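The chain below stands alone and is given in structure tokens; this is the form deposited in one PDB entry.
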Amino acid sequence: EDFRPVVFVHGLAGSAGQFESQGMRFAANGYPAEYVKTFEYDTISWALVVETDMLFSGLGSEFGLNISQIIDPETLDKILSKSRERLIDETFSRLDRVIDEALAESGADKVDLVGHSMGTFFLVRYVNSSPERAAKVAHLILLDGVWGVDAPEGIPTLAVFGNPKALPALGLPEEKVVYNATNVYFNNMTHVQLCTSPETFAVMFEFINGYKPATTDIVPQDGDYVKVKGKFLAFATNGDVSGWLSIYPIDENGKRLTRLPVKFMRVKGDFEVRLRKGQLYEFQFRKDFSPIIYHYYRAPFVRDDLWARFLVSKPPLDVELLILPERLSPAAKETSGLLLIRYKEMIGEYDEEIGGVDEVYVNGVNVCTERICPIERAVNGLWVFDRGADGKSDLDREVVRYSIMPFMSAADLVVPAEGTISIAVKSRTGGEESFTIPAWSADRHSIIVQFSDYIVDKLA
């Protein structure tokens, strides 16, 4: 049996990340790893400059609208004043090039396209832009995005929808339906969860090949060394980010097992490295013109991953600024700053349809309350710092500066910069995950811990 390449188009504030576990699920099922292609683009210019089209009644922009608030007036003016048409020629061109180099390197003739959130809106404009394009497409998958339109002409369509409750920005929907297509609904999944979900990988595999797949678990591959091919790129705009990568292996408490790194390298966007399967690692990144030190943490690589993404904070959506006032008080040398990420909504409020709530333990305190991670917010990024630098942990006063940010939320917690910190998460879909890392100083360090979208319960 033979597979055809797949291209993945992220949604607003998204990236290849949302399709990293999917790329590995396809891998263990035969798919040669280098076939799962991700297409990244400027989610901020797209939603602002294109999706404010009347083509879907301005329905795609909704999300770029809110997130743009943080933009500097001069720079936002610059953005909107870009030519709507040229940015679509340019961009859809880069997608052609990408799809070609696909068929070409694989020998197949048709490819399968996947779209998520604003990304669905993207794909559709694309497949309907001409015949020659709709020609090079085998099947089309539209994850929890556009609805209320007819699927492209003569091209097998698949559209999956999650619980709308966790997606305010799309509104009053009685039934999400992409006409004449195969519709699948998981009313027990939230927006991004549904993109990285295993239960959603199955439906995907079947619809594009013709048969359910062997497994949907992340399979630890034979061997001692895995190949990671990631990228340090700017949040939301996905531009390449320049810096220095130092890799230090560590023990169950974040302490470095070597005095020097096992890898130190110049990075300008993309990067490749060979690492030991199942080994804990700390990714220390120093971005250009920022004296801040970034400590990236996550679960070990049980197998080749060619879609790892490390998100950096850059202009125009310099999201790290909102935390700036604080990083600057002398209080900072006494607290630690954390960013908890999980491409699977961390819910703090119960909802029958959803089925549960997660718990995120930072130093014993659970920071995934009902007022910090309500479903509406669809929390994927979570900042944990000393709000105000008062040294007091008001966990009931929601940090307001994230009100507007899509997919984020924060929480006023004090995490002592002495010894270590302990993040422990009991996922709402069963399974705990836990990390213990050095408690770095908020004055010179930022800490990014990334939870795994997939988590097993070999007993439940």
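Each residue number is its position in the shown sequence, starting from 1. For clarity, a rigid core is taken as the largest C-alpha set superposing within 1.5 Å between two forms.
The form deposited in another entry is left out here; the points below concern that form.
Asker: Align on the core first; then indicate which of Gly430, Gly58, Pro32, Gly419 has a CA shift of 2 angstroms or more between the shown form and the other one.
Answerer: With the rigid core superposed, the residue that stands out is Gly58.
Asker: Does the C-alpha of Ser68 move 2 Å or more between the shown form and the other one once the rigid core is lined up?
Answerer: After core superposition, the displacement of the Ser68 C-alpha between the shown form and the other one reaches the 2 Å mark, so yes.
Asker: Just to spell it out: taking the C-alpha atom of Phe121 and the C-alpha atom of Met54, is that distance smaller or larger in the other entry than in the structure shown here, given it changes by 3 Å or more?
Answerer: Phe121 and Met54 sit closer together in the other entry.
Asker: Where do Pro131 and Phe56 end up in the other entry, Cα atoms closer or farther than shown, with a change of 3 Å or more?
Answerer: Farther: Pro131 and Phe56 separate by 3 Å or more in the other entry.
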